[PDB]
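**Student:** Here you go, one structure.
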Amino acid sequence: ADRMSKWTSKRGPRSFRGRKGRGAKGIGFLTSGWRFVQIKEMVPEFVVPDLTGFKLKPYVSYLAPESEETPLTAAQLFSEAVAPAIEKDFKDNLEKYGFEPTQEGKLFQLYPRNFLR
Amino acid sequence: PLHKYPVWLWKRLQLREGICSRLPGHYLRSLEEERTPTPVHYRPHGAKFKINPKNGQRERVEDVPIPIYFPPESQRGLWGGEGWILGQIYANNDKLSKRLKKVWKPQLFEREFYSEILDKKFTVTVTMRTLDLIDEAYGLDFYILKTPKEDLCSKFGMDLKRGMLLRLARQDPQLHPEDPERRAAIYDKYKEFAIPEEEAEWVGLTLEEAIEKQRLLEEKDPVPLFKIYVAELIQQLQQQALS
Amino acid sequence: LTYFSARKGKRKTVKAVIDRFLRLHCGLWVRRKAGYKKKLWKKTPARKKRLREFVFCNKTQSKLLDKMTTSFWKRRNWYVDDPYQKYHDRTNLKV
Amino acid sequence: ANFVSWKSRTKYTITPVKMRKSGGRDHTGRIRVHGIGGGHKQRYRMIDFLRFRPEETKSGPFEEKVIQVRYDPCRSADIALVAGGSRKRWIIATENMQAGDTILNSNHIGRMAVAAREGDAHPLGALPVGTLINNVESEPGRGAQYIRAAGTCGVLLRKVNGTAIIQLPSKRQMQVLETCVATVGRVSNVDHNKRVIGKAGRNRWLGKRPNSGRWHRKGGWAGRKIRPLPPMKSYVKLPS
Amino acid sequence: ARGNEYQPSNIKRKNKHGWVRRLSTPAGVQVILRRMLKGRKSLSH
Amino acid sequence: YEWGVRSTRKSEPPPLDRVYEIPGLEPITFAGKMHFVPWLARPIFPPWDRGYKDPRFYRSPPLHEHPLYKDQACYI
Amino acid sequence: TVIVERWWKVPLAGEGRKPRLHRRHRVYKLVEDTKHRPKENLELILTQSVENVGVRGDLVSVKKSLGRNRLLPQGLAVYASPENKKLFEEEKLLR
RNA sequence: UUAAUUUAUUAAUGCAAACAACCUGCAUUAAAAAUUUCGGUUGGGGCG
RNA sequence: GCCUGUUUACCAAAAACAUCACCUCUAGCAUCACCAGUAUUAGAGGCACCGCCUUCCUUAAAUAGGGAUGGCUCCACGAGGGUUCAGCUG
RNA sequence: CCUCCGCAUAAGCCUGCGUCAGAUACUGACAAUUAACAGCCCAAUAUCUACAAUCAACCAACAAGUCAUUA
RNA sequence: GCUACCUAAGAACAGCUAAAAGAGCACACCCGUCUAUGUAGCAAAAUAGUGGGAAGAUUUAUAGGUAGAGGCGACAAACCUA
RNA sequence: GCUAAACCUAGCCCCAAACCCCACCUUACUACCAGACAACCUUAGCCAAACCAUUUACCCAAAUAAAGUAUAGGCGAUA
Ligand SMILES: [Mg+2]
Ligand SMILES: [Mg+2]
Ligand SMILES: [Mg+2]
Ligand SMILES: [Mg+2]
Ligand SMILES: [Mg+2]
Ligand SMILES: [Mg+2]
Ligand SMILES: [Mg+2]
Ligand SMILES: [Mg+2]
Ligand SMILES: [Mg+2]
Ligand SMILES: [Mg+2]
Ligand SMILES: [Mg+2]
Ligand SMILES: [Mg+2]
């Protein structure tokens with residue numbers, strides 16, 4: 001009778017409450033006997049770096065100079081990353097400069113994106 | 001408030017916008033133009049003026065077409081502009097009697113037709129009117145190629161029209177392969193209906209089919225900005241070297 | 001009758017009146033007598049003569065007919081050989 | 001309604017099949033037949049009404065051993081599990097069919113009349129005239145459809161040309177090609193007439209329910225009436 | 001005796017008035033469309 | 001008598017669009033749209049190959065192709 | 001084909017305008033059903049000898065049923081079009 | 001309901017149409033229905 | 001009224017509806033009800049299980065009660081409707 | 001002194017007498033119900049399965065009663 | 001999601017008497033005979049006592065189905081969200 | 001003297017002009033397995049006719065005028 005409250009897994013009968021989740025991503029599957037098989041590769045592995053010796057801190061000194069925001073663009077990245085090599089080889093097949101014809105075959109495909117964050 | 005445009009002009013406005021605007025001009029003109037179908041279920045007036053006997057004066061007369069209902073089954077067949085008449089009658093044909101709902105349906109037959117241009121036999125649900133029209137046109141191919149969209153009133157008929165027109169436009173050797181003389185004879189027989197292939201591709205397409213065709217034509221995976229920037233940089237370097 | 005039509009907003013004419021009455025322009029309405037064509041074999045010659053006559057209407061009948069017709073039917077008509085041309089106007093009338 | 005018929009099984013089997021009651025309802029969910037509903041839960045035993053069904057990669061007349069004779073909830077007749085070669089099947093049991101009996105199923109129309117032993121199936125052409133029969137086909141190989149209820153027995157009235165005249169239990173004559181198979185004898189459970197229901201509860205167990213409004217037409221049931229002609233209208237209801 | 005005609009059950013509620021059943025027919029789609037036009041916070045039940 | 005009533009048997013696929021019967025032209029289907037629409041032709045999808053391979057979504061080959069299949073029928 | 005006619009006359013729409021139809025304009029009377037018309041004959045030119053009709057190159061009036069079911073489908077005859085008539089005339093004068 | 005009006009729809013036939021099935025049109029007969037009405041005078045009603 | 005049951009949710013629980021039993025009418029048959037049935041079947045209507053044959057008494061006073069194809073037969077049962085003995089009781 | 005009451009599950013409800021602070025089981029804030037119970041299943045294709053239950057042993061039947069596995 | 005009927009798959013029915021029962025008495029449970037209370041009530045049909053059924057044509061939970069001239073009806077024109 | 005009483009803009013009306021991250025169809029807002037059902041088909045009636053039974057105006061694609069005219073119509077209501 002409550003049409004306004006959000007539909008959660010706390011509300012229906014036993015089957016409803018078991019079936020609905022809370023947004024947690026799946027980790028494996030269910031076999032016969034409702035035994036849950038957890039797939040290791042499905043579990044997000046946290047790639048945490050070693051922070052020993054790191055100099056950066058959560059905050060920045062107010063003594064730091066102010067600067068103008070210049071959002072990075074594809075043109076700027078190309079100029080700062082590919083243009084030098086292109087000029088040096090033109091003065092003297094784009095895969096040599098970094099371009100890849102297709103994202104297929106890569107672990108981290110840029111589109112459709114196949115990696116977290 | 002009021003709309004800037006009348007609501008009945010909204011479809012035309014939409015046609016003048018978006019992908020429908022990118023649609024080819026000849027197809028858009030074919031959609032926009034509307035011709036009254038040939039009278040089928042009513043007898044047209046002989047002339048534009050008539051001496052009505054009641055007062056003996058010359059009065060203008062108009063032919064008001066009977067609304068015809070075409071069930072979706074008709075789009076899979078060739079009904080010669082014939083369809084269901086959904087109307088009403090006066091019982092015993094006197095206006096002072098009851099008014100009854102009456103549906104007149106055409107007598108449908110299944111017949112096999114051979115298309116010379118397509119070298120194929122089609123089994124088509126058909127009417128005696130369609131058979132008579134085919135006889136008057138001297139064959140199924142002539143009937144399909146002569147009859148306009150409105151008189152044909154069949155999605156299957158318009159698809160046959162598109163197929164025949166494409167065959168003629170391409171002069172496709174797939175018509176009787178290994179018999180070029182026969183193929184040329186057929187094409188010469190139906191020469192007068194030949195049109196450019198760019199136009200024959202769009203014959204008989206519904207608006208949604210045409211939109212999908214245009215979207216498929218103009219769908220291109222975006223060129224990587226790497227290629228664009230490389231071309232621009234090489235062009236700029238060429239200009240700098242020349243200067 | 002229809003005082004305001006749905007398509008023009010105009011007042012309509014009751015065509016039953018036009019099919020039956022003649023309006024003389026001065027404001028007189030002429031009519032035939034009821035039954036003037038019915039069972040003449042059983043009517044006396046005097047009764048038939050009375051029935052074959054064109055007859056004027058009352059003041060209230062005329063007012064009703066005027067209300068039931070529009071101004072088009074109350075105009076001057078200059079027909080070629082109208083038999084009622086002389087009757088369209090009143091002469092030597094005192095009040 | 002989301003009604004799907006329970007008669008979906010495609011492969012013949014001996015195992016009783018769980019059958020769903022209808023209640024007299026169409027697939028539309030509306031009552032089509034009144035007076036049906038409830039009753040004891042039943043399981044359906046698929047009856048092979050084509051008695052001459054030679055086994056796979058086999059042909060010719062074959063014999064079968066009556067494994068057992070059983071009550072069938074879905075029929076007036078009792079059924080017989082009968083086994084031949086390497087298969088078992090349910091057939092309609094005849095009056096004196098017993099466990100361990102032997103049954104013959106033949107397609108051979110002998111020139112002479114075959115000795116008609118109760119329970120075996122022969123083409124109607126092979127039977128003597130006047131023999132009691134049951135499980136009669138209408139067409140050769142169609143499968144038995146007539147004379148199937150308990151204790152029923154048609155009579156092979158006549159045989160001329162390739163056509164036989166059968167007297168159905170309703171005492172109506174039927175013409176069937178003599179190549180159509182029928183089994184000899186009357187159907188079993190011959191005392192089905194004499195069973196007394198005794199109480200309304202037993203009918204309710206059998207799945208018959210008391211139902212009213214069985215006609216659904218305006219005014220309900222209305223017996224046919226003779227509409228008098230105009231000359232006869234003057235005498236329809238003459239007063240005393 | 002009367003008044004308690006509502007005997008709640010979420011299965012029946014969702015199966016009878018839910019979004020899926022509303023969309024399952026053109027009439028229910030028009031129900032949802034009317035609620036959207038009116039601005040109802042709750043389109044379906 | 002055949003077992004299995006029609007209403008329970010798998011429904012026959014709808015008849016092919018007449019556009020597929022006309023030799024020279026390519027039908028316009030909703031395959032490009034990646035979803036069904038009722039006013040476009042129904043695509044003819046090639047059979048999908050990578051399907052019956054995953055262990056939890058596996059289809060066994062027909063009995064004829066099994067390694068121990070033998071024409072002579074044993075009785076176990 | 002069923003040919004129908006309005007019981008109620010439709011008022012004239014004009015030149016560029018479309019007639020406005022009301023409920024009474026959907027009442028029709030059947031003036032004729034073409035299927036009940038007497039059968040006519042189809043003019044065909046024969047290409048192969050056919051029993052009791054002709055031999056070849058001769059214009060024949062055949063029942064529409066025969067013409068559309070046997071002669072034309074089997075190639076025994078061709079439509080009596082002007083082109084076919086001319087071609088068979090050239091054949092006749094070349095023989 | 002033996003009130004009036006219909007038979008659009010089904011079901012039968014018949015005649016045309018398509019070459020037996022199936023189907024279209026036109027009729028006729030039914031079933032099922034549908035629409036509509038309940039004048040005036042005489043304490044009321046019956047018969048008037 | 002055969003019986004057990006059912007019914008006017010919210011003024012009627014009954015003699016009404018149903019019911020076994022019986023009768024009548026209709027139907028010779030397959031793949032969605034009837035029915036995965038086939039005349040000992042199915043559908044509809046009627047009827048009512050069954051079985052057989054064809055002025056006096058009561059009170060003192062009693063408009064109350066009981067007794068001198070149909071006709072009949074009440075075994076049992078009933079919060080049915082009447083009557084009564086005795087007892088019991090504000 | 002009283003109760004066919006109580007405790008649990010289901011279904012339903014959704015924080016609705018826990019703590020604190022303001023009011024007169026209200027308002028606000030803070031806290032809380034931890035899976036073993038329960039739900040959420042099954043890799044398919046074929047082929048298999050006549051033999052009730054009722055202490056299931058005698059006796060007692062008819063209304064004839066899902067139990068789906070194996071290569 | 002009431003109610004009427006139905007479908008699928010469940011569940012309940014002490015004790016005594018009797019013996020395989022639409023059996024008897026009588027709990028739970030279902031109902032609603034009669035009386036009283038109540039009558040803006042605790043209640044838009046309740047309470048108390050009494051009473052009928054209570055292994056069945058029983059009662060009942062869950063899910064599904066039949067929709068308005070329609071459904072459903074052991075026919076009361078009953079019931080289909082007071 | 002209590003309860004009250006009063007207020008003015010919050011907005012609204014009619015014109016003109018102008019054409020206007022993630023989740024979610026399964027029990028919606030639910031990361032993740034064999035599809036295929038996929039839509040189209042005269043409005044009726046209230047009402048007027050003082051009942052009613054034929055009939056009884058209704059986004060039309062230039063306002064005005066022709067003209068409530070010609071016509072239609074239980075030739076009547078009306079159109
Ligand atoms: Mg309930
Ligand atoms: Mg004009
Ligand atoms: Mg009784
Ligand atoms: Mg009783
Ligand atoms: Mg009551
Ligand atoms: Mg009562
Ligand atoms: Mg007394
Ligand atoms: Mg007990
Ligand atoms: Mg009992
Ligand atoms: Mg009931
Ligand atoms: Mg009654
Ligand atoms: Mg009126």
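We label chains A, B, ... in the order they appear in the structure tokens, count residues from 1 in each chain, and number ligands from 1 in the order shown.
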10 Å from ligand 7 is the threshold here; counting only C-alpha atoms (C1' of nucleotides) and all ligand atoms, which polymer residues fall inside it? Answer as a ChimeraX atom specification.

**Tutor:** /I:62,64-65,83

**Student:** Which residues are near residue 33 in chain E? Cut-off 12 Å, only C-alpha atoms (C1' of nucleotides), ignore same chain within fewer than 3 positions. Put them as an MDAnalysis selection string.

**Tutor:** chainID E and resid 19 22:23 26:30 36:40 42:44

**Student:** Using only C-alpha atoms (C1' of nucleotides), which protein or nucleic acid residues come within 12 Å of range 12-21 of chain F? Drop anything in the same chain fewer than 2 positions from it, and give the result as an MDAnalysis selection string.

**Tutor:** (chainID B and resid 73:78 115 118:125 154:163 204:205) or (chainID F and resid 6:10 23:29 38:44) or (chainID L and resid 35:38)

**Student:** List as a ChimeraX atom specification the protein and nucleic acid residues near range 72-87 of chain C, meaning an atom at most 9 Å away when only C-alpha atoms (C1' of nucleotides) are counted, but skip any in the same chain fewer than 5 places from it.

**Tutor:** /C:13,18,23-27,66 /L:67-69

**Student:** Keeping N, CA, C and O atoms (P, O5', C5', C4', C3', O3' and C1' of nucleotides) for every residue in the selection just given, could you write it to a file as a PDB file, in the first residue's frame?

**Tutor:**
ATOM      1  N   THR C  13     -33.067  30.051 -41.919  1.00  0.00           N
ATOM      2  CA  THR C  13     -34.428  30.131 -42.424  1.00  0.00           C
ATOM      3  C   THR C  13     -35.085  28.763 -42.331  1.00  0.00           C
ATOM      4  O   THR C  13     -34.485  27.752 -42.697  1.00  0.00           O
ATOM      5  N   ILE C  18     -40.616  28.674 -46.637  1.00  0.00           N
ATOM      6  CA  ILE C  18     -40.356  29.081 -48.009  1.00  0.00           C
ATOM      7  C   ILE C  18     -41.086  28.184 -48.989  1.00  0.00           C
ATOM      8  O   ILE C  18     -41.561  28.647 -50.032  1.00  0.00           O
ATOM      9  N   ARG C  23     -44.006  35.886 -49.709  1.00  0.00           N
ATOM     10  CA  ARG C  23     -43.952  37.143 -48.983  1.00  0.00           C
ATOM     11  C   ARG C  23     -44.020  38.301 -49.963  1.00  0.00           C
ATOM     12  O   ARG C  23     -43.146  38.447 -50.819  1.00  0.00           O
ATOM     13  N   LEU C  24     -45.052  39.121 -49.830  1.00  0.00           N
ATOM     14  CA  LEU C  24     -45.083  40.399 -50.513  1.00  0.00           C
ATOM     15  C   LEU C  24     -44.211  41.381 -49.749  1.00  0.00           C
ATOM     16  O   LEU C  24     -44.176  41.368 -48.518  1.00  0.00           O
ATOM     17  N   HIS C  25     -43.495  42.226 -50.487  1.00  0.00           N
ATOM     18  CA  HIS C  25     -42.431  43.012 -49.876  1.00  0.00           C
ATOM     19  C   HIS C  25     -42.955  43.908 -48.763  1.00  0.00           C
ATOM     20  O   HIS C  25     -42.262  44.140 -47.769  1.00  0.00           O
ATOM     21  N   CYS C  26     -44.178  44.416 -48.907  1.00  0.00           N
ATOM     22  CA  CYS C  26     -44.736  45.306 -47.898  1.00  0.00           C
ATOM     23  C   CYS C  26     -44.862  44.636 -46.539  1.00  0.00           C
ATOM     24  O   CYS C  26     -44.924  45.332 -45.523  1.00  0.00           O
ATOM     25  N   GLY C  27     -44.904  43.311 -46.495  1.00  0.00           N
ATOM     26  CA  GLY C  27     -44.979  42.606 -45.235  1.00  0.00           C
ATOM     27  C   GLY C  27     -46.125  41.626 -45.187  1.00  0.00           C
ATOM     28  O   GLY C  27     -46.389  41.023 -44.146  1.00  0.00           O
ATOM     29  N   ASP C  66     -42.087  36.042 -40.524  1.00  0.00           N
ATOM     30  CA  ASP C  66     -40.968  36.968 -40.608  1.00  0.00           C
ATOM     31  C   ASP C  66     -39.833  36.527 -39.702  1.00  0.00           C
ATOM     32  O   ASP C  66     -38.659  36.625 -40.070  1.00  0.00           O
TER      33      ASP C  66
ATOM     34  P     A L  67     -26.512  34.860 -52.190  1.00  0.00           P
ATOM     35  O5'   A L  67     -26.492  35.116 -50.625  1.00  0.00           O
ATOM     36  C5'   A L  67     -27.619  34.813 -49.818  1.00  0.00           C
ATOM     37  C4'   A L  67     -27.213  34.213 -48.498  1.00  0.00           C
ATOM     38  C3'   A L  67     -26.193  35.012 -47.690  1.00  0.00           C
ATOM     39  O3'   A L  67     -26.428  34.781 -46.308  1.00  0.00           O
ATOM     40  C1'   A L  67     -25.339  32.878 -48.121  1.00  0.00           C
ATOM     41  P     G L  68     -27.332  35.770 -45.436  1.00  0.00           P
ATOM     42  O5'   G L  68     -27.786  34.864 -44.214  1.00  0.00           O
ATOM     43  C5'   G L  68     -28.986  34.101 -44.270  1.00  0.00           C
ATOM     44  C4'   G L  68     -28.829  32.854 -45.101  1.00  0.00           C
ATOM     45  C3'   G L  68     -30.003  31.882 -45.038  1.00  0.00           C
ATOM     46  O3'   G L  68     -30.066  31.188 -46.279  1.00  0.00           O
ATOM     47  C1'   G L  68     -28.078  30.790 -44.316  1.00  0.00           C
ATOM     48  P     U L  69     -31.421  30.491 -46.764  1.00  0.00           P
ATOM     49  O5'   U L  69     -31.362  30.608 -48.343  1.00  0.00           O
ATOM     50  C5'   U L  69     -31.291  31.869 -48.982  1.00  0.00           C
ATOM     51  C4'   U L  69     -30.600  31.742 -50.309  1.00  0.00           C
ATOM     52  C3'   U L  69     -30.663  30.363 -50.933  1.00  0.00           C
ATOM     53  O3'   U L  69     -31.885  30.098 -51.593  1.00  0.00           O
ATOM     54  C1'   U L  69     -28.447  31.115 -50.981  1.00  0.00           C
TER      55        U L  69
END

**Student:** Per residue of chain A within 10 Å of chain J, record the nearest atom pair and its distance in Å to one decimal, counting only C-alpha atoms (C1' of nucleotides), with rows in chain order and ascending residue number, as JSON lines.

**Tutor:**
{"residue": "A:1", "atom": "CA", "partner": "J:13", "partner_atom": "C1'", "distance": 9.8}
{"residue": "A:2", "atom": "CA", "partner": "J:13", "partner_atom": "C1'", "distance": 9.7}
{"residue": "A:5", "atom": "CA", "partner": "J:14", "partner_atom": "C1'", "distance": 9.6}
{"residue": "A:10", "atom": "CA", "partner": "J:14", "partner_atom": "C1'", "distance": 8.5}
{"residue": "A:11", "atom": "CA", "partner": "J:14", "partner_atom": "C1'", "distance": 7.9}
{"residue": "A:12", "atom": "CA", "partner": "J:12", "partner_atom": "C1'", "distance": 9.1}
{"residue": "A:13", "atom": "CA", "partner": "J:11", "partner_atom": "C1'", "distance": 7.4}
{"residue": "A:14", "atom": "CA", "partner": "J:39", "partner_atom": "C1'", "distance": 5.6}
{"residue": "A:15", "atom": "CA", "partner": "J:39", "partner_atom": "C1'", "distance": 5.5}
{"residue": "A:16", "atom": "CA", "partner": "J:39", "partner_atom": "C1'", "distance": 7.9}
{"residue": "A:17", "atom": "CA", "partner": "J:39", "partner_atom": "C1'", "distance": 6.7}
{"residue": "A:18", "atom": "CA", "partner": "J:39", "partner_atom": "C1'", "distance": 4.1}
{"residue": "A:19", "atom": "CA", "partner": "J:40", "partner_atom": "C1'", "distance": 5.0}
{"residue": "A:20", "atom": "CA", "partner": "J:40", "partner_atom": "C1'", "distance": 8.3}
{"residue": "A:21", "atom": "CA", "partner": "J:40", "partner_atom": "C1'", "distance": 9.5}
{"residue": "A:29", "atom": "CA", "partner": "J:41", "partner_atom": "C1'", "distance": 9.1}
{"residue": "A:30", "atom": "CA", "partner": "J:41", "partner_atom": "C1'", "distance": 5.6}
{"residue": "A:31", "atom": "CA", "partner": "J:42", "partner_atom": "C1'", "distance": 5.6}
{"residue": "A:32", "atom": "CA", "partner": "J:42", "partner_atom": "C1'", "distance": 3.9}
{"residue": "A:33", "atom": "CA", "partner": "J:41", "partner_atom": "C1'", "distance": 6.0}
{"residue": "A:34", "atom": "CA", "partner": "J:41", "partner_atom": "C1'", "distance": 4.4}
{"residue": "A:35", "atom": "CA", "partner": "J:41", "partner_atom": "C1'", "distance": 7.5}
{"residue": "A:36", "atom": "CA", "partner": "J:41", "partner_atom": "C1'", "distance": 8.9}

**Student:** Within 8 Å of ligand 9 (counting only C-alpha atoms (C1' of nucleotides) and all ligand atoms), which residues show up? I'd like them as an MDAnalysis selection string.

**Tutor:** chainID K and resid 22:24 53:56

**Student:** Give me a file of those residues, with C-alpha atoms (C1' of nucleotides), as a PDB file, in the first residue's frame.

**Tutor:**
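Now in result_4.pdb:
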ATOM      1  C1'   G K  22     -21.067 -37.457   3.095  1.00  0.00           C
ATOM      2  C1'   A K  23     -21.567 -42.540  11.138  1.00  0.00           C
ATOM      3  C1'   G K  24     -22.786 -40.725  16.828  1.00  0.00           C
ATOM      4  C1'   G K  53     -21.552 -29.080  11.402  1.00  0.00           C
ATOM      5  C1'   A K  54     -17.139 -30.817  12.990  1.00  0.00           C
ATOM      6  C1'   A K  55     -12.811 -37.395   8.163  1.00  0.00           C
ATOM      7  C1'   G K  56     -15.942 -34.255   4.613  1.00  0.00           C
TER       8        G K  56
END

**Student:** Hey, which residues come within 9 Å of ligand 12 if we count only C-alpha atoms (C1' of nucleotides) and all ligand atoms? Could you give them as an NGL selection string?

**Tutor:** :L and (47-52)

**Student:** Counting only C-alpha atoms (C1' of nucleotides) and all ligand atoms, what are the residues, protein, DNA or RNA alike, that approach ligand 1 to within 9 Å? I want them as a list in words.

**Tutor:**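 Final answer, ordered by chain and number: residues 5, 6 and 7 of chain E; 1, 2 and 61 of chain K.
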
**Student:** Rounded to one decimal place, report the CA of residue 134 in chain D-CA of residue 152 in chain D distance in Å.

**Tutor:**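 These atoms are spaced 7.1 Å apart.
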
**Student:** Enumerate as an mmCIF file with N, CA and C atoms, in the first residue's frame the residues belonging to chain G that approach chain L to within 12 Å, with only C-alpha atoms (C1' of nucleotides) taken into account.

**Tutor:**
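The file below, part.cif, is the result:
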data_model
loop_
_atom_site.group_PDB
_atom_site.id
_atom_site.type_symbol
_atom_site.label_atom_id
_atom_site.label_comp_id
_atom_site.auth_asym_id
_atom_site.auth_seq_id
_atom_site.Cartn_x
_atom_site.Cartn_y
_atom_site.Cartn_z
ATOM 1 N N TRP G 7 -25.608 7.326 -49.980
ATOM 2 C CA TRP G 7 -27.008 7.734 -49.919
ATOM 3 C C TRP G 7 -27.134 9.247 -49.872
ATOM 4 N N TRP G 8 -26.293 9.895 -49.080
ATOM 5 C CA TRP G 8 -26.376 11.323 -48.831
ATOM 6 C C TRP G 8 -25.324 12.040 -49.656
ATOM 7 N N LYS G 9 -25.754 13.037 -50.420
ATOM 8 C CA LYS G 9 -24.816 13.778 -51.246
ATOM 9 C C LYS G 9 -23.840 14.547 -50.369
ATOM 10 N N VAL G 10 -22.584 14.575 -50.793
ATOM 11 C CA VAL G 10 -21.537 15.299 -50.081
ATOM 12 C C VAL G 10 -21.496 16.723 -50.618
ATOM 13 N N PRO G 11 -21.571 17.737 -49.765
ATOM 14 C CA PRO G 11 -21.442 19.110 -50.254
ATOM 15 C C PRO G 11 -20.088 19.329 -50.905
ATOM 16 N N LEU G 12 -20.080 20.166 -51.937
ATOM 17 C CA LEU G 12 -18.853 20.449 -52.664
ATOM 18 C C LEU G 12 -17.797 21.025 -51.735
ATOM 19 N N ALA G 13 -16.564 20.564 -51.901
ATOM 20 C CA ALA G 13 -15.471 21.015 -51.055
ATOM 21 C C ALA G 13 -14.790 22.261 -51.586
ATOM 22 N N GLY G 14 -14.718 22.413 -52.901
ATOM 23 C CA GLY G 14 -13.991 23.522 -53.474
ATOM 24 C C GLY G 14 -12.897 23.037 -54.397
ATOM 25 N N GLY G 16 -9.056 23.486 -53.873
ATOM 26 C CA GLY G 16 -7.927 22.914 -53.173
ATOM 27 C C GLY G 16 -8.308 22.243 -51.872
ATOM 28 N N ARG G 17 -9.546 22.445 -51.437
ATOM 29 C CA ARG G 17 -9.994 21.901 -50.169
ATOM 30 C C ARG G 17 -10.434 20.450 -50.333
ATOM 31 N N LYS G 18 -10.513 19.748 -49.207
ATOM 32 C CA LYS G 18 -10.943 18.362 -49.189
ATOM 33 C C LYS G 18 -12.348 18.253 -48.617
ATOM 34 N N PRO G 19 -13.187 17.374 -49.158
ATOM 35 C CA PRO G 19 -14.552 17.253 -48.639
ATOM 36 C C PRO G 19 -14.556 16.810 -47.189
ATOM 37 N N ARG G 20 -15.481 17.374 -46.426
ATOM 38 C CA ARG G 20 -15.639 17.053 -45.017
ATOM 39 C C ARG G 20 -16.799 16.079 -44.881
ATOM 40 N N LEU G 21 -16.506 14.881 -44.396
ATOM 41 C CA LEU G 21 -17.485 13.812 -44.318
ATOM 42 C C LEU G 21 -18.029 13.706 -42.903
ATOM 43 N N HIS G 22 -19.311 13.398 -42.799
ATOM 44 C CA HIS G 22 -19.994 13.257 -41.528
ATOM 45 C C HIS G 22 -20.528 11.837 -41.408
ATOM 46 N N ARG G 23 -21.270 11.584 -40.331
ATOM 47 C CA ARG G 23 -21.739 10.230 -40.067
ATOM 48 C C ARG G 23 -22.631 9.725 -41.191
ATOM 49 N N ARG G 24 -23.497 10.585 -41.722
ATOM 50 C CA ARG G 24 -24.429 10.149 -42.750
ATOM 51 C C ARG G 24 -23.738 9.825 -44.065
ATOM 52 N N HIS G 25 -22.501 10.265 -44.252
ATOM 53 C CA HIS G 25 -21.793 10.000 -45.493
ATOM 54 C C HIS G 25 -21.137 8.631 -45.512
ATOM 55 N N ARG G 26 -21.229 7.880 -44.424
ATOM 56 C CA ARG G 26 -20.728 6.520 -44.370
ATOM 57 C C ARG G 26 -21.810 5.499 -44.691
ATOM 58 N N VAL G 27 -23.013 5.950 -45.024
ATOM 59 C CA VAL G 27 -24.100 5.062 -45.415
ATOM 60 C C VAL G 27 -24.030 4.859 -46.919
ATOM 61 N N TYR G 28 -23.865 3.612 -47.341
ATOM 62 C CA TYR G 28 -23.667 3.277 -48.740
ATOM 63 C C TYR G 28 -24.796 2.391 -49.233
#
